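Heads up: the structure comes next, in structure tokens.
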């Protein structure tokens, strides 16, 4: 918060579009609608975003936190397919600003809850780690493209354990 | 574990059992096959076990970890009854070295949950505690003989309680 | 000797703070360890209780 | 070898031939200047030594 | 064109009498199905989804399904061919020079290594007959490490580390050491050792394979893959995969070892497995058998004596020192199941000192047993003095203590090494005497590493023949020792 | 393969396409675009250098 995080993210978007020619992918699952409109305005202000100008240097999405994660969680493979569209299906290297992983963790946790699943020791899905790696694994610098992951490491109580 | 428990127990075996006279036992249960091989390679040459004779009145027993725990789940009463046969049926200085005691209740729990019933907090059988305790009630020097028992309780994660 | 004393107290406090950070290191280590430990411990308790149901 | 390995088989052989023809530039040497400097220095130093010493 | 026809040509499709098991209960990757009871346990039966599964649990009225695949590509009701054939790997070293999956799927391409024999992967632990003292020194190529703890062929070892803790770097250095070893004409020297990765990134493992290609160690190497994409049984089978993979050549008389990394991964796999099984496991989500589960692969560390043809099956575990939390019940078993362990320090690596073995914490009971005795003489006191200097490092003005301090300074400045520097115990025994000489204790421990590179180059150039002589010196030749002191003074001038 | 009429049709289609290859047997224009992109990739890989152009370095020293 206030750490230039949005600022650095926009810096990365600009450096990709100019220093690499690569656009950006926004998928803010569980984003605040207030934060959503704010990001819309701010990214539009940055110029890499414009819903009409067709010169925006990015692709956008955000998610409803108020919504069940059973909705909010699936946006992951959606952004994955999007990255394929822009990179494997559109010959490019790309990154993905994604906040937050621990948010994605809670999403998978609620998913396992839906499974009535014996939760992980961290309450997650019994093999939540499987998707988590797959979350990491779904994007890679493959021959299809250089799938980069802008990863927001949401510090759960800053407990790395 | 790694406490020298094997190392210290073996050195202690050397020292004290150097004069172990009655029919005597050493038991590597849930142990290394290499542990048994070395134990034989020592004892037979040690003359406590006779490398070429029947003088192996001091003997090593192999319940090495190669077995299933359920397979491993049976050595104890075998040793107890055998010690009865040695001492109780002869009244001589009978000795017993045993490991790993932790593995004993480890199997007991491992089948206790496998028993399809609600297991302990540590998953043991509801009387798995009683199983071990009475096993100790049968494990003592008696009016019929003089059996000495040594138990190696691998401190489970050093769970002091 | 007074300057020696003040400097000695300072350096002593310094060594003390070093030892303190050191102790606090493993302290916090085991602290998070036990934190997550009890967390998941109650968790497993509840899980079994559900199993009992 | 690369011939049977590649579709560019006779191409591989012909490129081997071309490489046998192809030439990288060899360097140049100036140890002659160094030799002259060494000899003249031997001269000067030996004369000065065997004279003044 | 016609070649595609030729491939289509000779396509074999012979039929055979078989029934199948129509799936009954589907969900969470295990099918409580009915039918095909003519399958056996531990078998590798296959479903209509083409996935082949191992025996999960035969119910009195149903049949549970254990497979390591993806059933989102499998609808319920599907007929599972009761293959009733014990889950068996291929038999033989066809994977040598080949990089396959845990099931033999070379996702690195490079075609199939169609091993003409099938390993009945339901292998079991070696017994007592071949169980005898090992004697083969391990071609480690890790200077201090091999120096610190020489190892034998057949060992039951372990290794623990943190994130990016050089443990992969350790394995890569080991593989590098295998090339010249595999270049050793004798099968004891020839390193037909094994190496597998667990839960690793497919692309990271690809970079590893790229290094191996650079390493050309595939002559020494066969790769069985367990990437992050591995299913829970898949990781679980991976230890079994490597065990039977060893078994083929250990029964083929091979003196070699297997490198699976990291065993801590399938622990997550087995935990999730039991969780999917809804059976109540314990702490670490760990069911009790985890040891015996682990022990199943663990006992395979066979110093296969002549009672097993003289082959060797050395095993060193890889379970991460997660935050160096020794108190892991996982780690608790991990030390408890191996006849040794490789504890790796972090602070040195955190201080950038790479290597960073947990010299205080690391321990391996192999040592001079199956070791070059020449370096043993050159450096037993060296290790002892390292211990004393640590005891000296236990303080912060005895010129005796000061001397011990400079000695430890040189010892630390020397012992570590960089990545991918394969070598024999040669320069090991060399610098072992050299520091044991301590005639460079005056030299700056900062300058020690540089002058060390210098002396190493000097030895590789001139005393290279004398190096061969010392190799022939399967004992501390006072002549070789004199050459040592002499060239020591010589390189000292070159300093 | 003769016993299998399926294998019969397989060999039939195989010979059919094999002889048909005089014309691009199911060339496909999207496949042509794929070939073009692959040409770009093979250019990046094999290098910008002309394939059989035998080079010379013209070395130098100090």
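Numbers in chain A come straight from Swiss-Prot, and the residues shown are 208-368, in order.
A Cβ is built for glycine as well, from the same backbone N, Cα and C atoms used for every other residue.
Positions annotated as ADP binding site by Swiss-Prot, on the basis of experimental evidence: A:209, A:210, A:211, A:212, A:213, A:214. Residues or ranges marked as phosphate binding site by Swiss-Prot: A:209, A:210, A:211, A:212, A:213. Residues annotated as ATP binding site in Swiss-Prot: A:209, A:211, A:212, A:213, A:214, A:239. Residues or ranges marked as Mg(2+) 1 binding site by Swiss-Prot on the basis of experimental evidence: A:213. Here Swiss-Prot flags A:238 as Mg(2+) 2 binding site. What Swiss-Prot records for A:259, A:264 is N6-succinyllysine, and it gives similarity to another entry as the kind of evidence. Residues or ranges marked as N6-acetyllysine in Swiss-Prot (evidence: similarity to another entry): A:259, A:264. Marked as phosphothreonine by Swiss-Prot: A:312.
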* **Alpha-carbon spacing, residue A:210 (ADP binding site) to residue A:259 (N6-succinyllysine), which is rounded to whole Å** => 30
* Return the residue, from the listed binding-site residues A:210, A:214, with the maximum count of other C-beta atoms within 10 angstroms of its C-beta. => A:214
* Structure fact -> Using a 10 Å radius on the Cβ of residue A:211 (ADP binding site), the other Cβ atoms enclosed count 9
* According to DSSP, which of helix, strand or coil covers residue A:211 (ADP binding site)? -> coil
* Structure fact -> Given the recorded positions A:212, A:239, A:259, A:264, the candidate whose Cβ has the fewest other Cβ atoms within 10 Å is A:259
* Structure fact -> If you tally other C-beta atoms within 10 angstroms for each of the recorded positions A:209, A:213, A:312, the top scorer is A:312
* Asked: Among all the protein chains here, how many other CB atoms are within 10 A of the CB of residue A:238 (Mg(2+) 2 binding site)?
  -> 21
* Asked: Taking just the CA atoms, what is the gap between residue A:213 (ADP binding site) and the residue listed as 'Mg(2+) 2 binding site' in Å?
  -> 13
* Structure fact -> By a three-class reduction of DSSP, residue A:238 (Mg(2+) 2 binding site) is assigned strand
* Structure fact -> Cα nearest residue A:264 (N6-succinyllysine) among binding-site residues (A:211, A:212, A:214, A:238, A:239) -> A:214
* Structure fact -> For residue A:212 (ADP binding site) and residue A:259 (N6-succinyllysine), the CA-to-CA distance in whole Å is 26
